[PDB]
């Protein structure tokens, strides 16, 4: 008797089967609510939302990335109050701290989406290789560089660590972990650009120093994954998307997860979830909130994460305690690691998230490639740290 549109990006037969059943069960529990789903390929999702927004035909609820949620919120397309009500109904305390932080509004007072899944990035490492060489899990800059130096032998094409050096967003993400571990953020709480600072110069010089022990040339996603999977490096910076490869081709019990920690820990992460379109009628808004809260329950989050592409991680603390997650055979093969990965969401730090505020200005800096170019030129280009900081600072202002 009340119909709401759910625009999601699970178009594969197996994932659509799961979503049909989630919706069907929800509709049995809420017989006055009907879900009209709009399955759209993830590749095609965001630009269709652009058209729908222009024509005032947004669906009630949308599966969106956290970064696209920011763009919609800038255009005031999202009902923050409805989103916040769902999160508070579940309970803020049930979410890993970084998961709710990543979806905080620009003024830190509300939320732009209800998170359902996420992925983190850190330094994956071969546990036996480091142990054999006499190393425990590296944490601070000195330990990371110490392991990397020991495992570098250029004549043999062995390198100590695979870190991104290309002009790509991955380079910004990996560098940001070292920068933020030194309390260096590209923006301050007021939105001022803070690139050319002493703490950022320290991190950029260190990233340059560390790149002496990574593969020569330009390293991006393919170079890093290849080097880790074939044993060229014992350490590699990569999202949790590396884990399906380890399961299929490696030893899930021989992989550890190290987090850069100098002045503080900095886990890079992102989150996806459900947002609620602004301007919904009363009964439609109440039905959407119920639907989002339904999918946000731990037992349905577990299903969502388990059907999501490999390496997807839960953002609610209770998912790792759900039976279907605990007893999943892929999860099982990784031992204690999945609990450790999930818990790393408590230490998320990303450029532009400052004091529980996600500043939308950061999206433009990332889009323009300023940080990636700065990292690319100091590493691959052998450029000067000081000059590249100044150039990046000036360009980030001109936007």
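Residue numbers count along the first chain shown, from 1.
- The PDB entry records a higher mean C-alpha B factor for 16-24 than for its counterpart among 371-379 and 16-24.
- The mean Cα B-factor in the deposited entry runs higher for 318-326 than for the other of 318-326 and 127-135.
- The PDB entry assigns its highest CA temperature factor, among 107, 167, 223, 209, to 107.
- When the C-alpha B factors of 122, 269, 311, 160 are read from the deposited coordinates, the top value falls at 311.
- Compared with the other modelled residues of the chain, the Cα B-factor recorded for residue 294 ranks in the lowest third.
- Among all modelled residues in its chain, residue 48 ranks in the lowest third by Cα B-factor.
- In this PDB entry, the Cα temperature factor of residue 304 sits in the top third of its chain's modelled residues, the highest group.
- Ranked by Cα temperature factor within the chain, residue 84 sits in the middle third according to the deposited record.
- The entry lists a Cα temperature factor for residue 100 that places it in the lowest third of the chain's modelled residues.
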